[PDB]
Structures are given as structure tokens and as C-alpha cells.
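Each chain is listed here by its residues.
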Number of protein chains: 4
Amino acid sequence: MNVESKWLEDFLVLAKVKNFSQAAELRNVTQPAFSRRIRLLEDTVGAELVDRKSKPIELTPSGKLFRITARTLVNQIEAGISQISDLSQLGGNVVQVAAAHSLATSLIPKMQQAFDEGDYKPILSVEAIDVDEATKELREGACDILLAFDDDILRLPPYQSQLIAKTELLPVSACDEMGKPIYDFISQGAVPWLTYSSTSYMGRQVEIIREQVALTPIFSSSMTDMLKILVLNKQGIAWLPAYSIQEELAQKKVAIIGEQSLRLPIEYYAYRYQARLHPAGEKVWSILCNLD
Amino acid sequence: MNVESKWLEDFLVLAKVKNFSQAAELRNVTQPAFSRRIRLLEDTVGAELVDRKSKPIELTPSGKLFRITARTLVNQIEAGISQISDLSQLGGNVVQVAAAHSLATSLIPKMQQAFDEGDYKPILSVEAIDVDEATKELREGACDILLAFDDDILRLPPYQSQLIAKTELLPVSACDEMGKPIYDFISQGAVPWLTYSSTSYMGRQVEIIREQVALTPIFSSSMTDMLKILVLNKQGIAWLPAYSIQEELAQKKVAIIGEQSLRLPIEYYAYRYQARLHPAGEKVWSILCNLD
Amino acid sequence: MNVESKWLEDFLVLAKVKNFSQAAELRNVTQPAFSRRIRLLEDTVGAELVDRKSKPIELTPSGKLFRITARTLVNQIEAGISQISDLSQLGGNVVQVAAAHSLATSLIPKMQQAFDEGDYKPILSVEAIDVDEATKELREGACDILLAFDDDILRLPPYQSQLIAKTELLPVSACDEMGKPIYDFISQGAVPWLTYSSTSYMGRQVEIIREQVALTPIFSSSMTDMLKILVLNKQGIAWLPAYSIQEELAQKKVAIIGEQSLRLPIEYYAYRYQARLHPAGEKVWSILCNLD
Amino acid sequence: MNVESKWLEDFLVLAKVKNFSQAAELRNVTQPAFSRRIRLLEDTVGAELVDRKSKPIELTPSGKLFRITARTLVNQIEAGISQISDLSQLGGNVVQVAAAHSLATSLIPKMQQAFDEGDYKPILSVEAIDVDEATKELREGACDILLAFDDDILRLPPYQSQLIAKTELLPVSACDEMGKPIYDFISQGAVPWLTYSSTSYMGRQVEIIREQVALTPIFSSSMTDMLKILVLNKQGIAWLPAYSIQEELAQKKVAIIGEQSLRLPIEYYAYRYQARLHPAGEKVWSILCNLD
């Protein structure tokens, strides 16, 4: 029993136009070949799918049930092919990495240069993290490795975790080219504050010391790049990850404007669920565990 | 793009066992032929599906996802062909009717008696109704005619409806020796009650007059025949459709016990979705519309 | 902390009509009392959900999101109450039994009488089986005990199975008033055949001996009672389970017309998934395992 | 009917430990009050949820299903109040904008600069977009305005759309110390290609001219910032939006390669669903409409 998918396309076209020669024209085949292909499909399915003796063409009951069967099969084929489009383009050494945007922009570039040129050289497919379903996508195999921040669920079994680094959220403000912060915590009035979502990881970090500082929330966002840009535009102060403002701190575009008690520790991890990955995935995991 | 399902079976076998020779022998094909069929599948889907650099042979990421796709496709093809195998054995005059058990056993016998001989004498295929999916089957063409009770969606467009009949749910109890009902409502206290599912149509009917009579529920079922059998076994009282207890009422086996306020009206219908059915189908529908 | 669902409905009505007094009238509550209920809801969720200083009443952003939250919670409450409606009406000793129609009508009355020898009678809720999802329904807990026929999946772990009885499908025909097979197999000519679906269990059993007999299918049904009725109406022959035609065989209205090799064995089982049921469930299971 | 969520907490704790003394103290309540709250939940649902006649405590069937219902309700309550926790800290002039990362970083700063002082000065809450549920966010009221690219669903009714701008995806390569592009299309061999997801909008744009250039995909990302960084790190060429590489183009860092036909047009939009937003939302929308 062998069903050829373009027979399913043949039958669906014939179902909508109800004429053998016109359906043959729509599918760029001659009428005898289209008729023979419909007959081959009928032989494989084991039923007369079409009443060939009446014009316009009518569907048999079996034809009517196999019409929905064929539509389902066609759509399933199309979906399955779309699911592997990206992966197939990159090859057998593709590694699906879900990652937080700042984590990705910080970590992937240095990983990319440590790869050797051989037959199992990984090819990265990095997608921004889905905050709500990252754990479920990790279990289901939608991605091989997750670059995320400290999470009490992903850090524990049945998942494997690896601490990449522990840094700090630093409260920063912009400077004049003389190099001096435009905002401070020394005044009596609150300072314009560019905040994270209070329920996000970094927002939960800032809430610990919120009572130690007078802040006026003027802008909220989950994207640390957004808070960084708004700090650079003199709009306010923000707690930014140290790894995101290294050039800005080496230059004098930005400055830490707090005491050491305001600098808040954060950690980020690589997470996985499969006990054994393909060779490229294991190489990516190994390189992540030893980010020099 | 033309995918042949036997390639999907080849790939599933090659994914379970894990080298080409054993999978080829399991598929009753030559080794070069099996290799060519796997490579044809890969060329059609546009993805390397197996990494041939490792024994045992493992799936590429694309291969891992497409294995799920192939399993789904093969199972769907087999299901469609078996569903068609049942239907094709019956002639092109098969009419697929989904019916509630009570209505099937009450209406299909006389319907069968009304079938004259001819080129389009209907052959009935009567299946037990599942209202959660019978409406979808009606829309997709899996069944032609639905024999069901009053439904606010099926009675309206885009569906066509015909009121077959209007009868009454009669609260009945088994009779004693030669006449009188064993249970009654004027008598003292609540009575043993054989009830329908409170979500079902007939149960929703009984809930209208629930507050008028003292009942203690002792048995629940969605099948009128179950309640009727348990009534005949002198277990309690039940509201039964009038058409299911005709002989048992003519004979002194059962009796109605309530006041006329307790007899609850019910209606049942034939429903369809296709504006034009095959001759056997329109014949069955016509016979249903004139069941009088 | 403690949200009261009546506050959720208060807020939904207020969001529709955008007026406190009208929303209070719709809620059968005093106007100051309704304002106080909304204020308590706002104090519990920790945000002003409504701007009270404007006509018409506008929703704050927090009110906009909590409208979705309240609709979700209210619909979830209604679903959770409807899911336990039937179970609550019958009590904590309710036993949810999914069963094949014939098996339920044959077995449940005898079980029901067994409840009377040995005091305290458990309460049954018997619903017809859906073999397509009965396995999943048993896993999820939608039913406690399944009464079904021999199934290669349900008979094995992780499910517990008990064979209730082994019976035969008997090929039977209607008999004249004197008593004689109207149809038979001695004629070299075909017989009107009332069949199951060939993919169903009993149909798959008839398929084993199909080649030994000359049959022409004139009617198909998944309901044994349907085939039995059409047999009694002298419409054709059918393979019926012996437990469903014992009185008809005894009253000689129906008769076995096949060779002993045409009588096909079938088995029916009680299945379960939970290792421990509630006491009533274990009692019903014990009585099913005995039924001897 | 009034269900108090603290009763659901009572029931969940009681289910987890099955000890009344321990559950009552785990809820910091006196024992009689805890039992009364359990009984109030049972009277409100109209079902005995726990069986105290047995010890260790176990649930009635109704209680077993209502445990899942209670867990669901509690998690939804906590999640909705957490969703409101971020908004309530902000004022009633908060505008919830979902946006693609690059569009947010490109458009939100100038919008922030346009905000004059007044009673309804907007406070932006910008969250990264997930388009497959973006439309649901807009419809239900969780999102006021959507900053996304051309979408055939969001551009039409029932949504309001506004074209912000039309730009180009430019194929760009990093260039050396002298100022010559490291990669070009007059080179030997295919060039290393940093690509988008083939299903994404921008990847769907690149598929247009795929065959006009020899490309080898060595990296895939849904984030333009990632492709931009890897281009700047001399890893390959990429199609980048003009608005994201303006400084790099003006400076030496990056150069446009290829013929004029390789530049692909892209459009981005502001979408909304509510016909009338709060004054701050309408201000944000007007500013978006006048960004030109």
C-alpha cells in the first residue's frame, strides 16, 4: 500500500472542479495520465472514490470521506515540511538555542568564534525566549539548549543546569562628556526611573532595595536594551546588567550612581532536558559550560 | 513535491532499528533500493534526515521532527483507508446516518420497510451519535443525515432541519400484580428515581418540573433503555419517552403515575448540512420528512 | 488574598453597563453596597479597577486586564461546578461507569440486584462508551470503571483488567411462526447480511470467517440492538452476541443457522486505571469481578 | 453563589496533607473556623468534597475533580493579580505597547521625547511581541497598541492599522580597516550567510531573491540585533533593516553590497483594536500616526 501525495492533490482538485480534463489542466498533466492517477489512488484506497459515468463528476461516499482524509494529509505534510524548513537549511549540525535577547547578544558572538571547522561544527539557530513556555518548549524538543536567567524550576531536575556567570544589576545614569552623572540619589526628590516589569526576574531583583531609594517610574519595559537606550537619552536611571554596558562604562557615556548596596547580584544559566543530544548539541553545551 | 507513504514507513523502520541493512530486510527490499528510497524521501522533503557518520544511525534534528510527522501521516493514511474499507463494501447507495440509540431503534425499522427496489435503493449505515462531533461530521461530509433531539444549533442555519415528531416524557413506574404502580407521587416521601444525565437533553427537560415532586436519585444513565430496563425490574421511576414504552404501557407491565403537568414535551429532528445529497441520501431524507 | 466570585460578577456587569447604579440594579444589590463591593475587590487586587469620577464609568488599564481575569475565573467556576453536577446529585458513593450499550443493559441490572444482598447500595452513573477516547477518558479520571470488549491496549498495563465472561457471536436468522430459518447457508445463493462496521470489534471477528459464507451487505450498524431488530423483522441474518438473544432463541423467534465453526468467540472485560478507587468504586469492581 | 478563594486555598492545603489540624495551622486558622470554611465551600459547590469518615483523609470523586478546578482558579487569581501588579505601580496614563524588538528600539525613544507635560502624559509599558498571540492580546484588552510589521490579518478589520514607514532590507557586510567590504557578491564561492527564520516576515522577504546570489547559511536568528552583531564581528553578510544600521552605514563599520535589485522593501505598522482608548493611549496613537 503506497499513497503518493500528489494523488491527494489530484483528488482534491477533482473534488472542487468535478471534471477530469479540467482537473488535469489545473495540475499540468494530460487527461489520460490524470485519470490513471485517480484510478491508482482508488486502487490503493480500495474504493471507487468518484462516479466516472455522470457529468458533472460526483463523489462517492468513500470519495467524500477520503476528501477530508486527503485535505488533512496535505495540510499535515505542509506543516511537517514547514517545521523543518529552518533546520534543514542549516544542516544536520544545527543546534536550536532559545535565549534571552541580552543573553544571546552577549554570549553567542564569542561562542561563534570558538567553533572548529570540522564535520560536526555546530550551526546555531537562536530564537528569542518565550518567557511563559520556555520550559515546555525545552521538554518537547522545540529547542536543544536554553540560555536564561536564574529559574527555580529550570535549575532543578528533571532539567540539567549550568551556571555560566554571576554578575550584577548596576544602577546607572548618563554622563556629560565631562564624565559626570546627570542624575543622583542625593536629592530630596525622586529620580526618573526606567523600570523592568516588577514580576520579571530583574524587576524582582530591583524590588529588594527599592525602599532604599526615591524613584519615580516614568517608563516600563521587559527589554534591557530599551532601558539602556533610554538611559543613554538622558531620560532617567536604570538598573542594567553589567555585561550590557561594558563599552559605555569604558567610555564615559554612563556611570554607576549608587552605593555598593544598590548593586544587585544576578545569575544566568544554560538549561537542557535531553540527557543525550546530537554531537553538535553536545559540543554547544560543552562550549557553554567552559565560556573561558 | 511528491512524498510516497512507503518511504515514510521505510524511515520509521530505519528510525526504530538503526542501520540500513536490517531496516531494508524488514521492509522486504534490496539494500541499494532501500538506500535510494530513503535518499528520495530526503531529497523530496529537502532535509538530511539521518546522520550516516555514526553507527548506530541516528536522526538529524530534521529527522527527529520528521519522524513524528511520518508517524502521524502513516497512522492517518491507515485510518482513512480502514474507514473507507467499511464504507466501500456497502454500495454507492449507502446513506451514513448518525442517530441516538432510541431514535435509531424506533425509526430505522419502518424506514427500512419503506425502501422499494430500484437502482438507488438506500443501504443504511447507522452509527451511535456523538453530538460533540456529529455536527462536525455533518459539516465535513462524514455522515449525511443526523437523527437527533431538539438542538438549538442543528435546528438553525447553516443546517437544514425537519421536525420528525413531538412526543412526551412520561414519568412511569413498574406495575404490581395485574395493574397498580408500585411507586407513586401522592404516596409518602420521596421515591427511588432513575435519572438521566443532568446535562443531557431529556435530563434538562426533567429539571423543569424537578421542584414539583419529591425524588431521591438512585441511578443515573444517558441511555433510555437502561432506565427502562431498571424500571421494568421494579427499581424505581423514570421519565421515559412515550415511543419507547408503547407495548409496556398497552400491556400492564408499566404505568404512568403523574399528573398531566409532569408529562414533559420533547421533539426530535432529522438534520443535514449538504444542500444536495446522492439519490439514496435524498431518498432517505424524503422518507424521514414523510414519516407519518 | 481572598477574592469573592460575586465581586467578579459585580465587576463584569459594571464593565458592561459602565454605571454603578444600573450595575447594582442588575446585581439585586443596593447602590452603596455595590460601590463597597467593587471597592473591596479593588483593595484585594491592589489597584483601582475603575475611574469613578467620570460619566460614563471608564475602565482603568488594570480594570481592562482584570476584566479578562474575571471572565476567565467565572467561566472556570461554572465549568468546575457543571463537571461535578451529576456526581454531586448522587453523593460521594457515585461510581462513574463507561460501558458498551449491550454490556450495560446486560450486566448493570444483575449488578444492581447484587447491591441488595449485602446492605448499603452504591450509586451507578452509567454512560455509553466512546471507544475512540474511552482509554483516554479512563486515564484522565472521567470514569472509574469501563465495561468494554476485548481490547489489546485496555487489557494490559498500565490498566487493570478483569475478564467478566466469554461468549459467542452466533449467526442467526428470523424464524416463521412454525419455527424454521427464513435464511440459511445451504443455498448456493447470497444472504441479506446485516453487518457491523468491519473495523469494530465484532465486525473484526466476523471478518475471520467471511470467506466461508456468501453474504451481501444490505445494512450496517454499530448497535447490536439495531441488527437484532432488523433480524427480527426478517430483513436478513446477523452475528449477534448470545447474551442478547437468549429469550428470542428460547421463544424460537430467532434461530442459529450457521455451522459451529461460524460461531465466533468474544470476551468482555472490566477495565480500570486507578490503583485505588473510592470505597464505592472498589465495591462495584469487586462485584464485577465476581458476577458468579 | 459566592465562592471565596480562601476556601479554595483551604481545600488545596487539606488535599495536600489530609490532616485537619495540620491544614488549619498551615492556614493560620482555628480548627472550628477551618472546618466551617471547608463546609462553606462544600455547600456553595453543592457537593461533599472530602470524606472524613475515613482516615487518612481522601477526597470524594467530586472533591477529586474540584481539586484540579481549585488549583486552576488559584493559579489564575495569582497570575491576574501579578499582571495587575506591574500596571498598578504605573499610573492611569500607562499605555501598554507590544513591539518587535528593533521597532521598539527605533521608535520608542523619539516618542518619549515628544511627550509634553500635562494631566494625561503617557507612560509607556513596552513588551516584546509574540505575534501568534499578539492579536488575542489586542482583542481582549491586555494590549493597547501593537508595533509590528506587515500582517495581512492585523492590517484589515476588525483591526485598525496605520502605516508608520516603508524601508528596505539591505544586504550588508562588514568592511576592513581601509574601507572595503570583507564579503561581496563578486567574490569566489558562496558567501557566509546570517539569515532569519524562513517563516518570519524578513526571512519571507529574503526568499524572494534567494536564487540571485550564492549563499551558504551558517547561522539563523529571529533577532535582527543578533544578525547585526555577527555582521559587525565579520562573521558574514545579512539583510538588515535600514533603520537599524544607520550609524554603522554612515561610519566605516558596515557597507551595502550587491546590486540594487537585492534591496527588499519592508513596511511596519501600528495596530489597535479598541475604537476608543484612554486619553494617554490616544496620544500615543496620534504620535505614532505622525511619525514621518
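The rules behind each value
Residues numbered from 1 in each chain as written, not as in the entry; some residues may be left out. Chains lettered and ligands numbered in written order. Heavy atoms only, no water. UniProt positions renumbered as here; feature names shortened; annotations may be inferred. Helix = DSSP H or I, 4+ residues; strand = E, 2+ residues; numbered from the N terminus. Contact = heavy atoms within 4.5 Å. Buried area = accessible area lost by both parts, 1.4 Å probe. Salt bridge = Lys/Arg side-chain N within 4 Å of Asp/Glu carboxyl O. Polar contact = N/O pair within 3.5 Å; in protein donor to acceptor, adjacent residues only side chain to side chain. Nonpolar A, V, L, I, M, F, W, Y, C, P; charged D, E, K, R; others polar. Pairing = 2+ DSSP bridges. Buried < 20%, exposed > 50% of the residue type's maximum accessible area, 1.4 Å probe, protein only. Axes fitted to C-alpha atoms, helices over the stretch in contact; angles between N-to-C directions. Parallel < 35°, antiparallel > 145°, perpendicular 65-115°, else oblique.

This structure appears in the PDB under the title "Crystal structure of Vibrio fischeri DarR in complex with DNA reveals the transcriptional activation mechanism of LTTR family members". Annotation of chain A in UniProt includes, under Sequence similarities (unreviewed entry), the sentence "Belongs to the LysR transcriptional regulatory family."

S.K.: I tried to follow the UniProt feature "domain: HTH lysR-type" (unreviewed entry) in chain A on my own but got confused; where do I start?
M.R.: The sites that carry the UniProt feature "domain: HTH lysR-type" (unreviewed entry) are, in the present numbering, residues 3-60 of chain A. Within the segment residues 3-60 of chain A, helix and strand shares are 60% and 7% respectively, and the terminal C-alpha atoms sit 19 Å apart.

S.K.: What's the story with the arrangement of the chains in this structure? I'm lost.
M.R.: In this structure chain A stays clear of chain C, and the shortest span between their C-alpha atoms is 14 Å. A gap remains between chain B and chain D, with no contact made and the closest C-alpha atoms lying 14 Å from each other.

S.K.: Help me out: how do you make sense of the interface of chain A and chain D in this one?
M.R.: A common measure of how large an interface is: the accessible area buried when the components associate. Between chain A and chain D, the contact holds 37 residues from the first and 37 residues from the second. Buried area between chain A and chain D, both sides added, is near 3,300 Å², and the carbon and sulfur share of it is 56%. Our enumeration of links across chain A and chain D arrives at zero salt bridges. At the surface where chain A touches chain D, the tally comes to 18 residue pairs in polar contact. Counting residues per element, the ones that place at least two in the side of chain A that touches chain D are α5 (85-90), α6 (101-113), β4 (123-128), β8 (215-221) and α9 (224-232) of chain A. Here the side of chain A that touches chain D gets seven residues from one element, more than from any other, and that element is α6 of chain A. Residue composition of the side of chain A that touches chain D, grouped by class: 16 nonpolar, 16 polar and five charged. Examined bridge by bridge, β4 of chain A and strand β8 (residues 215-221) of chain D share three bridges and lie parallel to one another.

S.K.: How should I be thinking about the side chain of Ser173 of chain B in this particular structure?
M.R.: Residues and elements named next belong to chain B. Following the sequence through the fold, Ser173 ends up in strand β6 (residues 160-174). For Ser173, a relative accessible area of 0% puts it in the buried group. Of the polar contacts made by the side chain of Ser173, one reaches the backbone nitrogen of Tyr183; its length is 3.2 Å. When near neighbours in sequence (up to four residues on either side) are disregarded, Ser173 contacts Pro181, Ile182, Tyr183, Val231, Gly236, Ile237, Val254, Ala255 and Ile257.

S.K.: For this particular structure, what's the right way to read the interface of chain A and chain B?
M.R.: Each partner contributes to the interface: chain A provides 32 residues, whereas chain B provides 38 residues. With both sides pooled, the region where chain A packs onto chain B buries about 3,200 Å², and carbon together with sulfur makes up 64% of that total. For the interface between chain A and chain B, the tally reads zero salt bridges. Listed by contribution, the elements that provide at least two residues to the side of chain A that touches chain B are α1 (5-17), α3 (31-45), α4 (61-83) and α5 of chain A.

S.K.: What should I look at first to understand the packing of helix α4 (residues 61-83) of chain C against helix α4 (residues 61-89) of chain D in this one?
M.R.: When two helices pack together, their arrangement is given by the angle between their axes and by how far apart the axes lie. The contact between α4 of chain C and α4 of chain D brings their axes to 10 Å, and the two run at 180°. Relative to α4 of chain D, the element α4 of chain C lies roughly antiparallel. For the pair α4 of chain C and α4 of chain D, contact is made by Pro61, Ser62, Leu65, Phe66, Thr69, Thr72, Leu73, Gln76, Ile77, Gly80, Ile81 and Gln83 of chain C and by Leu65, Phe66, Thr69, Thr72, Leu73, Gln76, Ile77, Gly80, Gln83, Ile84, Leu87 and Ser88 of chain D, respectively. Looking at the contact of α4 of chain C with α4 of chain D residue by residue, the classes come out as 12 nonpolar, 12 polar and no charged.

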